[PDB]
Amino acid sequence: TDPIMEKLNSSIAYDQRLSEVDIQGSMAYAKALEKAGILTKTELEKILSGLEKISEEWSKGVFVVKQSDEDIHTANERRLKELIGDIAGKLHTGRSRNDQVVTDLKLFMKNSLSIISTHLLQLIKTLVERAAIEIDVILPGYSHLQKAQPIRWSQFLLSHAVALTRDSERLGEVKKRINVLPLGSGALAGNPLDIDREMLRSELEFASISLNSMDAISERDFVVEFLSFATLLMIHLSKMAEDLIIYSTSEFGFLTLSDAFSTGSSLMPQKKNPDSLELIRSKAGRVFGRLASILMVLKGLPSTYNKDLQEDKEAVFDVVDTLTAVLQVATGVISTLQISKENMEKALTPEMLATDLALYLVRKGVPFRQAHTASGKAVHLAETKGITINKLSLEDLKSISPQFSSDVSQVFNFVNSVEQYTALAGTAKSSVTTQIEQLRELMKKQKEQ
């Protein structure tokens, strides 16, 4: 076999993290083989004993990988033979690399997803708890990156938290389909020894078992779904990062990241470069790239198994490692950044209340169009008088519309502004309080899984 090919087929450099799941797969199959009469009870106890030793060797970090090992599967097999001899060979009876490999990857992903979920719920909790605490802070809401209308800082934080919860929800749906046992599919047509797949399922703790052997061997839906979930999660993180990066500019001056998540220069110690957010933003492309690669790998392949499917591992390991690191950095960032309440408030300008002025008339019965026209005239009048709209006198306003009463002075207050949004999902305090409670409830339910 060609040396370059042999090099392209090696995966020991990156698949060793499958050590433990590979062993659990073999212990379960060994027990199954014993039930099918392929192994005697004595042979079983010997194999299970050996496999257990191997497990403690990897766990203790004393397992020794040898140059001949082309992949984790061969490394474990060699080691089993070294410990117990020929008897070890009976372990492959009726089993194929085809069903043993997807079994290891799914078990690995299930464990990986549980860890990812934890870090994800922690990020969501951090935003929600921070929103509750800073619920009185108010700043500009933006559209087209232009100041549109006053909003509570907590409404901004919660919008990200809510998107992240849908990610957490997709994570749970993906895990459900991953939690299906493919072992017992053999190489293509099924397991030829009437192996007890229910025993395998129970032993490995999957929720159910695969419906069709050909599908179970060749489908990589679980890889794609995971990569899709990962990519959308990264899109959300890239948006939050873009926001924070812009809000942390000296021009905006709304917040500052902690030294732990930013870099600087002794020459300009006052300026902090948002490295952590740029890292997070850049990973969206890295993760999207993996999703794109696997989709093209799978596109147009014929049934059943084909070597092309081997590209799955590196893509999954990369995304798992990337998400684990970025979610934690994100939590650290949100948890430790410092907001400048002063600057957020100073960014609120009277010009941003002209819509509320029109809304003031709408509530008194003035038709939408009129109310808008009256507010336009107020803005123009302030202009000509050289002042801002919150400074026009009652007489100035009455000159535009009799509908303006002295209470219109309540319009010119940023708390009264955000407090008009009591309709569900709005930025009024009660609405924000309601979201925090809905999110805490959602997190509980997703934690219970």
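Just count from 1 along the sequence shown to find any residue number.
> Can you tell me which stretch has the higher mean Cα B-factor, 215-223 or 193-201?
Averaged over C-alpha atoms, the B-factors run higher in 193-201.
> Looking at the deposited entry, does 64-72 or 380-388 carry the larger mean Cα B-factor?
Averaging CA B-factors over each stretch, the winner is 64-72.
> Please work out which residue in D104, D86, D321, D243 has the highest C-alpha B-factor recorded for this crystal structure.
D86 has the highest C-alpha B-factor of those listed.
> Among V418, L424, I54, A28, where is the Cα B factor highest in this entry?
That would be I54.
> Relative to the other modelled residues of the same chain, rank the CA B-factor of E82 and answer lowest, middle or highest third.
For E82, the deposited C-alpha B-factor lands in the highest third.
> Hey, what third does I209 fall into on Cα B-factor, ranked over its chain?
For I209, the deposited C-alpha B-factor lands in the middle third.
> Going by what the PDB entry lists, where does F261 fall on CA B-factor within its chain: lowest, middle or highest third?
Tercile = middle for this residue's CA B-factor.
> Among the modelled residues of its chain, does the C-alpha B-factor of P367 lie in the lowest, middle or highest third?
Tercile = highest for this residue's CA B-factor.
> Can you tell me which third, lowest, middle or highest, the CA B-factor of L361 falls into for its chain?
CA B-factor rank for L361: highest third.
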